[PDB]
């Protein structure tokens, strides 16, 4: 039963999202003027805080709250350790709204106890092409297309409540207050993902992992040593051999992206993402922000031939704290970010991603089965991991789609 989510304009059952065919809002139309100008009441001991994302110490404070209290695996062996530079990058894209970053502090000592972040995204989120066609066949195209235009909405990430404060109903309050701030900005939809099942996802996809340093991975117990490896003389030598990668990329004219590549990367990205039902639209400034290489944060390479960019890939780094273990502090994971291929099969392009990642010291490469990510799983030796990433809209009815129809990558 859901005391909070039942009060919210989201689909309430799996049933509701099977019956849905057109995109559009769920709630009553409202106006900025309908929305309370004052922050949601919270207890006397606490206060609403808007971190300054240009302040190293506000960034640090958020960093600490996530380092100690953010998402762990089911066995409390690992916890994400997003870096400060990653958080400045993710929290401050072009035209970000400082007010959408919502925090609760203890008034006495200014200890950060809870956080959620919103950032702008321009999202295509109209009726999927299929439902759009089924709609003509039944005479209802204008209705199916009403919301085809890309929409400036809020993307929510980094909801975190201090472990000492869990199950005190603080997360509802953070969400109501984020919602109020976003609504005051005249934005009525949001997009979010979670590893947990909430009401009600529009898409769900498994995670996949590709071992790059399997000895470390087994050592920290991220990976097992499969049963067929027993019947073998020296387990690890077989495993390392199985996962070994070339030292240098195979595509000649792969190089790191540079500022002048922005317009071309934009165009082959937009062309590719445009084929999916749900996907972001980026300006040049968003392309530079999200894809220009940044040290220990995002890593992007283009294939250029005859002075033209014809393919590119990117990945970002999130290290995970290894929670038990005396020998290892961190596990260094690369996450497949946006890419586009026009001159070579995707599997050949993403082999270079794995090669570069391995070459720079990453232990595993991770992704969700969105985009055409299923297309290279077998050949590059990715295996399905635990659990699923679920995709959600706030205040947006949307039919249930497959993850291969989603082109929004979450940080």
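Just so we're on the same page, rigid core means the largest C-alpha set that superposes within 1.5 Å between forms. Numbering follows the first chain given and starts at 1.
RMS Cα deviation from the shown model in 9 other deposited structures of this protein, rigid core fit, is larger for 304 to 312 than for the other stretch of the pair 208 to 216 / 304 to 312. Comparing the two stretches 230 to 238 and 185 to 193 by root mean square C-alpha distance in 9 other deposited structures of this protein, with all structures fitted on the core, the more displaced one is 230 to 238.
Mean C-alpha B-factor is higher over 245 to 253 than over the other stretch, the pair under comparison being 245 to 253 and 156 to 164. Between 84 to 92 and 236 to 244, it is 236 to 244 that carries the larger average Cα temperature factor according to the deposited entry. Set against one another, the Cα B-factors of 180, 317, 101, 110 in the record reach their highest point at 110. Of the candidates 210, 176, 132, 124, the deposited coordinates give 132 the top C-alpha B factor. Split the chain's modelled residues into thirds by C-alpha temperature factor. Residue 313 is in the lowest one. Among the modelled residues of the chain, residue 40 sits in the middle third by CA temperature factor in this PDB entry. Compared with the other modelled residues of the chain, the Cα B-factor recorded for residue 28 ranks in the highest third.
Looking at the C-alpha B-factors along this chain, the one for residue 55 belongs to the highest third. Residue 406: CA B factor lies in the lowest third for its chain, per the PDB record.
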